[PDB]
Structure formats: C-alpha cells, structure tokens
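Participant: Sharing a structure, written as structure tokens. Questions coming.
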Amino acid sequence: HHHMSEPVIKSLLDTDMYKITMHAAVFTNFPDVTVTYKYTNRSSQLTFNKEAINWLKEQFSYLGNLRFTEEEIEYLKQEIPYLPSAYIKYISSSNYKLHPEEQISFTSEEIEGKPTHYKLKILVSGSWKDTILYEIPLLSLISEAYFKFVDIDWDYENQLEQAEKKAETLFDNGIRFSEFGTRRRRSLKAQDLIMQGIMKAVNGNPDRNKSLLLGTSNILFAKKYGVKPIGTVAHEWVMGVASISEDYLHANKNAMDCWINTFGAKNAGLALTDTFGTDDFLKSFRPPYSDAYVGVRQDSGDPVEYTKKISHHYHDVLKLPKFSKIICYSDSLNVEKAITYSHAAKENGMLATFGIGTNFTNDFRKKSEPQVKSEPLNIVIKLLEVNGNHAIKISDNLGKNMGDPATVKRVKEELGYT
Ligand SMILES: [Cl-]
C-alpha cells in the first residue's frame, strides 16, 4: 500500500521574491487576464521514470494545501512594505489558495525508441493571478524528482564547504551578491546546505562580509537565515504587458509605468532591459524612469558589451555622475565571472551586484567519478500565451529569441531592429 510522501514545498515563501512582487503587480493591474505557461526540458536526453512521475503528481497536488501563515504575512509586510494593502488582504484571506487540479495539466509520454523512459508535458493555465506562483516550486520539484529517482549518482559531501569557499572568494574581492538558485536546486536540502556555507563565510568576518551578502531570492531562506529577500522585475512582466494588446511599440514604457504606479517610484528596483532588446528599452529610459530605478539587471548577451552600452547611456546621454547606478549581473554566473564583470563595471563607472543561481545550488560531481560533473536538468517554465496572443522574448542575444517565430519577426520590424 502506498504511503504519502512528505511535502517538499512547505511554504508559499519557498520561492523567488520576484514571484511575489509579480503576483502583487498582476493582482493589482491585470486580475482578469488569462495566461498559459509551458514546461520545456532543454536537456532532452535527460528523461524520467514512472517513480519520478508518480511522486511529482503527488507533490504538485500538495501545492493546493498551502496557505500563507500569519507569521509569513507578517514577514512580507516587514521586508516588502511596499506591497499594496489590497494584495496583502487578498493573500491573507481564507479564500486564497492554489488550485493545481484546475491550473496544472501534467501528462507524460513514453519516448519513442526509449521504452520505460518518459518526457513530461506540463501546461499551467488560468488567470494570471492564479498561475504566476507555480513556476518556481514546479521547477524546484521537477529537479528534486530527477535527482531523487532518476540520477542518484551524487551525494551531499562537501556541499557546505564548497559554498563557503565560493562565498569567501567573493567577499575577498568585495563582491556584493545574492543567492538566486531556487529554481534549479538539486534539492531543498542542497539549497539549505549552501545557505549554511554562505552564512559560515559571512560569520568568519561579519564586520566586512555582512554588507557584501545582499541576501537570497528565496524568501523562506531569507527568513530562516536572517538575511534580506532580494528581487527584481522578471521578463514575464513586460512580455505580458505587450501581449495583452500586442502594443510592443509602447510595452517597455507601459510596463515601467505600471510597475511604478503599483509599488512607488522609490521601490522600482532594477530595470530589466533586454526583453525586447536593450536598445528599445533605452529609448524611454530617461527621467523620471531613469531616476526611479536604481539600476539595470543584465540577463543576456555579452556582459562587458552590455556594461559599456549602459555606462554610455547613464553618463553620456543622461549626464549622471559615475557610480550613480547599479548593474546586476545574473546570467549563469560563477565566482570567476562575477570577479571579471566586477572589474568591467568599475572600469566603466558602474556599481556592480550579482545574482548567483545554479552554480550555488546545483554544483555536484558524480559519486562514481568524483572528477566528472553531475549535469543539472536544464528546465524552464515560460510564459507562452496571454489572452490567446503569443508571448515572446527577443533578448540581447539577437538571433536567440523565444516564442512564436512569426510574432518575433513582426516585433523586430515594429521595434526597428529589422
Ligand atoms: Cl522531460
């Protein structure tokens, strides 16, 4: 007889802070809009078994049992005080919950020519306010499933020490960074152990190191370890804003307006510039917008080239003093890259911060072959459709786009790239 598994996702705060701020933004501005997200496994030679699938089915259902506790809501009000009152009331209500049975469509398919091996098919669809939170916990669960049931050639030895060493190097180089690895963690336990390592590093020289650790994107771990939760706007914000009525020409400005009108200009945070290409973004990035945002988040393309472009914009076009604004580098970082990019930022008169994700929470060697990498699962859950319209991303890697090709072509034309 089957015994029910212990739920892995024990809190609606076991997620990235950007999910909650998006949730507040979507609730506030677009409570009616409907969306679909889609899972994609970019590592398609990595496959699933029946055991993993059955555990996933169970774990997904448990998401429907979660509620924000009193202490959790208090934590949100304290650390994210600019969340609107009405949003807090909405998530505080006894009416609030996730409905995975209605929102998640999870099937699996035996792979042609690979019997006993399966690919996952996952669509998450419904009102945007009902669907926005699933991305992170679903990814966190799928990764955990894969390393629990499919690839077990690995263990936890030296995970804390490895994270500690990374953190110590970063701190010696005066690097201001946050942990950002929730979505691709090998397991909840893996992320907890790396949090332990980072804090062990901090507490070796807290007078110096406390101010270098910005915090973690994971609100639950921020709460647990007594550090700040860290978040920015995500791509899905301007993608949704554009797709609602397919006004791409004004989407960057409309998205900033809406963000600012929701949280307040002072709480605008870092701007994500590359969604429809950084050039389009820059056309509207002047006062008051460029004064409200405290900087920009770099998420694609060549980081050094990005840094030069942004520096010229701020210092030459906008006539701001050097070191007025931040670039946050967040695309597949490791310690050596963070150091290199910190140099480029300094050279170009920019303050630098870093979000370090998968390298923290999914850096494992094989147990069988300790010199060989145990590869992470390269999975995403991406916004696909909004009110029936295609959702797309251009990025700054200009021929590496996301979404319906015809739409991407049409948009590049409308925005003057082509
Ligand atoms: Cl898959």
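The way I read the labels, and the way they are meant: chains A, B, ... in the order of the structure tokens, residue 1 as the first residue of every chain, and ligand 1 as the first ligand shown, with later ones counted on from there.
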Using only C-alpha atoms and all ligand atoms, which residues have at least one atom no more than 6 Å from ligand 1? Output them as a PyMOL selection string.
Facilitator: chain A and resi 41+47+119-120
Participant: Could you dump the residues just selected with N, CA and C atoms as a compact mmCIF listing (two decimals), in the first residue's frame?
Facilitator:
```txt
# COMPACT_ATOMS: atom_id res chain seq x y z
N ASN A 41 11.99 21.04 -21.37
CA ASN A 41 13.24 20.41 -20.97
C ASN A 41 14.26 20.58 -22.08
N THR A 47 15.81 12.08 -19.07
CA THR A 47 14.46 11.57 -19.11
C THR A 47 13.98 11.11 -17.73
N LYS A 119 9.05 11.58 -21.25
CA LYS A 119 9.10 13.03 -21.24
C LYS A 119 7.85 13.59 -20.54
N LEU A 120 8.04 14.69 -19.84
CA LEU A 120 6.96 15.41 -19.16
C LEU A 120 6.35 16.47 -20.04
```
Participant: Give me the residues near region 264-280 of chain A as an mmCIF file with C-alpha atoms, in the first residue's frame, where near means some atom within 8 Å (using only C-alpha atoms) and where sequence neighbours in that chain fewer than 6 positions away do not count.
Facilitator:
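Written out: part11.cif:
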```
data_model
loop_
_atom_site.group_PDB
_atom_site.id
_atom_site.type_symbol
_atom_site.label_atom_id
_atom_site.label_comp_id
_atom_site.auth_asym_id
_atom_site.auth_seq_id
_atom_site.Cartn_x
_atom_site.Cartn_y
_atom_site.Cartn_z
ATOM 1 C CA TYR A 82 5.555 48.498 -0.443
ATOM 2 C CA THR A 232 13.763 42.441 -9.463
ATOM 3 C CA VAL A 233 11.029 42.647 -12.127
ATOM 4 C CA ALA A 234 11.033 39.485 -14.346
ATOM 5 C CA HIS A 235 10.720 39.204 -18.168
ATOM 6 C CA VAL A 238 6.799 43.278 -19.942
ATOM 7 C CA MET A 239 6.030 40.123 -22.070
ATOM 8 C CA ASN A 252 8.597 48.944 -22.136
ATOM 9 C CA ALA A 292 13.424 55.937 -10.037
ATOM 10 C CA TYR A 293 15.147 52.664 -10.954
ATOM 11 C CA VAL A 294 18.417 52.300 -9.135
ATOM 12 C CA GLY A 295 19.984 50.441 -11.990
ATOM 13 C CA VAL A 296 19.589 47.695 -14.516
ATOM 14 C CA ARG A 297 19.703 43.866 -14.432
ATOM 15 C CA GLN A 298 21.934 42.187 -17.082
ATOM 16 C CA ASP A 299 20.459 38.800 -18.073
ATOM 17 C CA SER A 300 21.618 38.083 -21.652
ATOM 18 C CA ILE A 326 23.952 49.611 -10.472
ATOM 19 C CA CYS A 328 23.198 43.479 -11.529
ATOM 20 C CA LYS A 393 11.220 37.410 -25.824
ATOM 21 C CA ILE A 394 13.856 38.888 -28.108
ATOM 22 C CA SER A 395 16.757 39.179 -25.589
ATOM 23 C CA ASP A 396 20.124 40.840 -26.368
ATOM 24 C CA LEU A 398 19.660 38.855 -31.076
ATOM 25 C CA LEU A 415 10.727 47.966 -32.955
#
```
Participant: Pick out the closest residue to residue 21 (chain A) from this set: A:129, A:200, A:67, A:38. Count only C-alpha atoms.
Facilitator: A:129
Participant: Nearest to residue 40 (chain A) among A:409, A:309, A:382, A:183, with distances taken over only C-alpha atoms: which residue is it?
Facilitator: A:382
Participant: Between A:37, A:68, A:417, A:177, which one has atoms that come closest to residue 352 (chain A), using only C-alpha atoms?
Facilitator: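 Nearest candidate to residue 352 (chain A) out of A:37, A:68, A:417, A:177: A:177.
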Participant: Skipping near chain neighbours, those fewer than 5 positions away, what residues fall within 6 Å of region 136-146 of chain A using only C-alpha atoms, listed as a ChimeraX atom specification?
Facilitator: /A:15,52,183-184,186-187
Participant: Between A:360, A:171, A:314, A:225, which is the closest to residue 206 (chain A) once you count only C-alpha atoms?
Facilitator: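 Of A:360, A:171, A:314, A:225, the one nearest residue 206 (chain A) is A:171, counting only C-alpha atoms.
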Participant: As a PDB file with N, CA and C atoms, in the first residue's frame, please: every residue in region 352-398 of chain A that a backbone DSSP assignment puts in strand (DSSP E or B).
Facilitator:
```pdb
ATOM      1  N   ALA A 352      28.301  47.411  -9.231  1.00  0.00           N
ATOM      2  CA  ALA A 352      28.043  46.036  -9.660  1.00  0.00           C
ATOM      3  C   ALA A 352      27.445  45.252  -8.504  1.00  0.00           C
ATOM      4  N   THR A 353      26.431  44.496  -8.847  1.00  0.00           N
ATOM      5  CA  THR A 353      25.920  43.426  -7.950  1.00  0.00           C
ATOM      6  C   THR A 353      25.726  42.189  -8.811  1.00  0.00           C
ATOM      7  N   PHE A 354      25.491  41.055  -8.142  1.00  0.00           N
ATOM      8  CA  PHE A 354      25.468  39.741  -8.773  1.00  0.00           C
ATOM      9  C   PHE A 354      24.376  38.870  -8.176  1.00  0.00           C
ATOM     10  N   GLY A 355      23.642  38.163  -9.029  1.00  0.00           N
ATOM     11  CA  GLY A 355      22.746  37.072  -8.607  1.00  0.00           C
ATOM     12  C   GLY A 355      23.378  35.772  -9.075  1.00  0.00           C
ATOM     13  N   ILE A 356      23.734  34.886  -8.132  1.00  0.00           N
ATOM     14  CA  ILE A 356      24.420  33.660  -8.462  1.00  0.00           C
ATOM     15  C   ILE A 356      23.480  32.491  -8.153  1.00  0.00           C
ATOM     16  N   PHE A 364      27.475  19.740  -8.446  1.00  0.00           N
ATOM     17  CA  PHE A 364      27.730  18.385  -7.924  1.00  0.00           C
ATOM     18  C   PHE A 364      28.637  17.629  -8.875  1.00  0.00           C
ATOM     19  N   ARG A 365      29.478  16.774  -8.309  1.00  0.00           N
ATOM     20  CA  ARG A 365      30.248  15.794  -9.066  1.00  0.00           C
ATOM     21  C   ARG A 365      29.586  14.447  -8.926  1.00  0.00           C
ATOM     22  N   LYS A 373      31.517  16.029 -13.713  1.00  0.00           N
ATOM     23  CA  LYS A 373      30.306  16.794 -13.386  1.00  0.00           C
ATOM     24  C   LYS A 373      29.046  15.913 -13.432  1.00  0.00           C
ATOM     25  N   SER A 374      28.181  16.114 -12.444  1.00  0.00           N
ATOM     26  CA  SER A 374      26.848  15.591 -12.498  1.00  0.00           C
ATOM     27  C   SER A 374      25.993  16.700 -13.083  1.00  0.00           C
ATOM     28  N   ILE A 379      15.816  22.845 -17.296  1.00  0.00           N
ATOM     29  CA  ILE A 379      14.366  23.002 -17.492  1.00  0.00           C
ATOM     30  C   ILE A 379      13.922  24.443 -17.214  1.00  0.00           C
ATOM     31  N   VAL A 380      12.856  24.820 -17.914  1.00  0.00           N
ATOM     32  CA  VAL A 380      12.220  26.133 -17.733  1.00  0.00           C
ATOM     33  C   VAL A 380      10.717  25.995 -17.786  1.00  0.00           C
ATOM     34  N   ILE A 381      10.022  26.954 -17.196  1.00  0.00           N
ATOM     35  CA  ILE A 381       8.559  27.063 -17.303  1.00  0.00           C
ATOM     36  C   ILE A 381       8.357  28.524 -17.691  1.00  0.00           C
ATOM     37  N   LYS A 382       7.982  28.726 -18.952  1.00  0.00           N
ATOM     38  CA  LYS A 382       7.980  30.022 -19.626  1.00  0.00           C
ATOM     39  C   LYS A 382       6.563  30.498 -19.969  1.00  0.00           C
ATOM     40  N   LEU A 383       6.337  31.794 -19.908  1.00  0.00           N
ATOM     41  CA  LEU A 383       5.081  32.366 -20.344  1.00  0.00           C
ATOM     42  C   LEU A 383       4.989  32.120 -21.855  1.00  0.00           C
ATOM     43  N   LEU A 384       3.892  31.491 -22.293  1.00  0.00           N
ATOM     44  CA  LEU A 384       3.667  31.147 -23.702  1.00  0.00           C
ATOM     45  C   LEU A 384       2.577  31.981 -24.397  1.00  0.00           C
ATOM     46  N   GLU A 385       1.508  32.262 -23.665  1.00  0.00           N
ATOM     47  CA  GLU A 385       0.350  32.909 -24.228  1.00  0.00           C
ATOM     48  C   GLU A 385      -0.334  33.807 -23.194  1.00  0.00           C
ATOM     49  N   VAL A 386      -0.898  34.920 -23.664  1.00  0.00           N
ATOM     50  CA  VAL A 386      -1.658  35.883 -22.843  1.00  0.00           C
ATOM     51  C   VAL A 386      -2.948  36.312 -23.588  1.00  0.00           C
ATOM     52  N   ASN A 389      -2.927  35.487 -27.183  1.00  0.00           N
ATOM     53  CA  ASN A 389      -1.865  36.064 -28.014  1.00  0.00           C
ATOM     54  C   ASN A 389      -0.543  35.456 -27.633  1.00  0.00           C
ATOM     55  N   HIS A 390       0.351  35.323 -28.596  1.00  0.00           N
ATOM     56  CA  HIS A 390       1.681  34.762 -28.328  1.00  0.00           C
ATOM     57  C   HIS A 390       2.509  35.686 -27.420  1.00  0.00           C
ATOM     58  N   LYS A 393      10.064  36.727 -26.349  1.00  0.00           N
ATOM     59  CA  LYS A 393      11.220  37.410 -25.824  1.00  0.00           C
ATOM     60  C   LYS A 393      12.273  37.497 -26.924  1.00  0.00           C
TER      61      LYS A 393
END
```
Participant: A:248, A:307, A:45, A:366: which is nearest residue 416 (chain A), counting only C-alpha atoms?
Facilitator: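 Among the listed residues, the smallest separation from residue 416 (chain A) belongs to A:248.
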Participant: When you look at residue 62 (chain A) with a cut-off of 12 Å (counting only C-alpha atoms), what residues show up, excluding the ones that are within fewer than 3 positions of it in the same chain? I need them as a short mmCIF file (atom, residue, chain, number, x, y, z; two decimals) with N, CA, C and O atoms, in the first residue's frame.
Facilitator:
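Resulting contents of selection.cif:
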```cif
data_model
loop_
_atom_site.label_atom_id
_atom_site.label_comp_id
_atom_site.auth_asym_id
_atom_site.auth_seq_id
_atom_site.Cartn_x
_atom_site.Cartn_y
_atom_site.Cartn_z
N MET A 4 1.86 8.20 1.62
CA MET A 4 2.00 9.54 1.09
C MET A 4 3.35 10.12 1.44
O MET A 4 3.80 10.04 2.58
N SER A 5 3.99 10.72 0.43
CA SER A 5 5.29 11.36 0.59
C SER A 5 5.15 12.63 1.41
O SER A 5 4.09 13.24 1.46
N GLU A 6 6.23 12.98 2.10
CA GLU A 6 6.30 14.24 2.83
C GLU A 6 6.36 15.37 1.81
O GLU A 6 7.12 15.29 0.83
N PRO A 7 5.51 16.40 1.98
CA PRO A 7 5.58 17.54 1.04
C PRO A 7 6.93 18.26 1.13
O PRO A 7 7.41 18.55 2.22
N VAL A 8 7.52 18.53 -0.04
CA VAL A 8 8.84 19.18 -0.10
C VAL A 8 8.67 20.69 0.03
O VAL A 8 9.46 21.36 0.72
N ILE A 9 7.63 21.22 -0.60
CA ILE A 9 7.36 22.65 -0.66
C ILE A 9 6.41 22.95 0.50
O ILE A 9 5.19 22.65 0.44
N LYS A 10 6.98 23.45 1.59
CA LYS A 10 6.26 23.59 2.86
C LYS A 10 5.68 25.00 3.05
O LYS A 10 4.95 25.25 4.02
N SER A 11 5.95 25.90 2.10
CA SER A 11 5.52 27.30 2.26
C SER A 11 5.38 27.97 0.91
O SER A 11 6.13 27.67 -0.02
N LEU A 12 4.41 28.87 0.80
CA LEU A 12 4.34 29.73 -0.37
C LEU A 12 5.50 30.74 -0.44
O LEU A 12 5.72 31.37 -1.48
N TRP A 55 5.63 10.54 -7.99
CA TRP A 55 5.98 11.41 -6.89
C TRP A 55 5.63 12.86 -7.24
O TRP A 55 5.09 13.59 -6.44
N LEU A 56 5.95 13.25 -8.47
CA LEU A 56 5.60 14.59 -8.93
C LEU A 56 4.11 14.85 -8.88
O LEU A 56 3.68 15.92 -8.47
N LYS A 57 3.32 13.89 -9.33
CA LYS A 57 1.87 14.06 -9.32
C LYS A 57 1.40 14.36 -7.88
O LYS A 57 0.61 15.29 -7.64
N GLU A 58 1.93 13.59 -6.93
CA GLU A 58 1.63 13.81 -5.52
C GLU A 58 2.06 15.19 -5.01
O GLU A 58 1.27 15.92 -4.41
N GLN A 59 3.31 15.55 -5.26
CA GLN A 59 3.90 16.81 -4.83
C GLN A 59 3.17 18.04 -5.42
O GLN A 59 2.93 19.02 -4.73
N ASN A 65 -2.59 22.59 -0.88
CA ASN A 65 -2.77 22.60 0.59
C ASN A 65 -2.09 23.77 1.29
O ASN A 65 -2.35 24.03 2.45
N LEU A 66 -1.27 24.51 0.57
CA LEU A 66 -0.51 25.58 1.16
C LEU A 66 -1.39 26.80 1.43
O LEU A 66 -2.24 27.14 0.62
N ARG A 67 -1.12 27.49 2.53
CA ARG A 67 -1.74 28.79 2.80
C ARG A 67 -0.64 29.72 3.33
O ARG A 67 0.32 29.25 3.92
N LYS A 97 -5.98 30.34 -2.18
CA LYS A 97 -5.21 29.13 -2.30
C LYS A 97 -4.86 28.90 -3.75
O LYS A 97 -5.47 29.49 -4.65
N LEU A 98 -3.92 28.00 -3.96
CA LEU A 98 -3.62 27.50 -5.30
C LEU A 98 -4.61 26.38 -5.62
O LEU A 98 -5.07 25.65 -4.70
N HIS A 99 -4.91 26.22 -6.91
CA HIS A 99 -5.81 25.16 -7.38
C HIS A 99 -5.11 24.35 -8.43
O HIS A 99 -5.40 24.50 -9.62
N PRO A 100 -4.13 23.50 -8.03
CA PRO A 100 -3.36 22.78 -9.04
C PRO A 100 -4.20 21.88 -9.94
O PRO A 100 -3.84 21.66 -11.12
N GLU A 101 -5.29 21.33 -9.40
CA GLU A 101 -6.15 20.44 -10.15
C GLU A 101 -6.81 21.12 -11.38
O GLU A 101 -7.08 20.46 -12.37
N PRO A 137 8.21 26.74 -7.63
CA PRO A 137 8.05 25.45 -6.95
C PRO A 137 7.97 24.29 -7.93
O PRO A 137 8.48 23.21 -7.65
N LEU A 138 7.33 24.45 -9.09
CA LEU A 138 7.28 23.32 -10.03
C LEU A 138 8.68 22.95 -10.51
O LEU A 138 9.03 21.78 -10.56
N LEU A 141 10.58 21.29 -7.74
CA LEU A 141 10.12 19.92 -7.58
C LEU A 141 10.61 18.94 -8.66
O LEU A 141 10.98 17.78 -8.35
#
```
Participant: Measuring atom to atom with only C-alpha atoms, identify which of A:114, A:210, A:346, A:1 is nearest to residue 308 (chain A).
Facilitator: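 Of A:114, A:210, A:346, A:1, the one nearest residue 308 (chain A), counting only C-alpha atoms, is A:346.
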Participant: Can you pull out every residue within 12 Å of residue 74 (chain A), counting only C-alpha atoms, but drop anything in the same chain fewer than 5 positions away, and send it as a PyMOL selection string?
Facilitator: chain A and resi 13+68-69+79-81+83+88-89+91-92+223
Participant: Suppose you want the space between CA of residue 148 (chain A) and CA of residue 363 (chain A); what is it in Å?
Facilitator: 15.6 Å
Participant: To one decimal place, how far is CA of residue 73 (chain A) from CA of residue 202 (chain A) in Å?
Facilitator: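 Separation of CA of residue 73 (chain A) and CA of residue 202 (chain A): 27.6 Å.
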Participant: Name all residues at most 12 Å from residue 208 (chain A) (count only C-alpha atoms; drop same-chain ones fewer than 2 positions away) and give them as a PyMOL selection string.
Facilitator: chain A and resi 168+170-176+201-206+210-213
Participant: Quick one: distance from CA of residue 313 (chain A) to CA of residue 257 (chain A) in Å, one decimal?
Facilitator: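 For CA of residue 313 (chain A) relative to CA of residue 257 (chain A), the distance reads 20.2 Å.
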Participant: Where does DSSP see helix (DSSP H, G or I) in region 258-359 of chain A, if you list the residues as an MDAnalysis selection string?
Facilitator: chainID A and resid 258:263 265:267 278:283 289:292 303:317 335:347 358:359
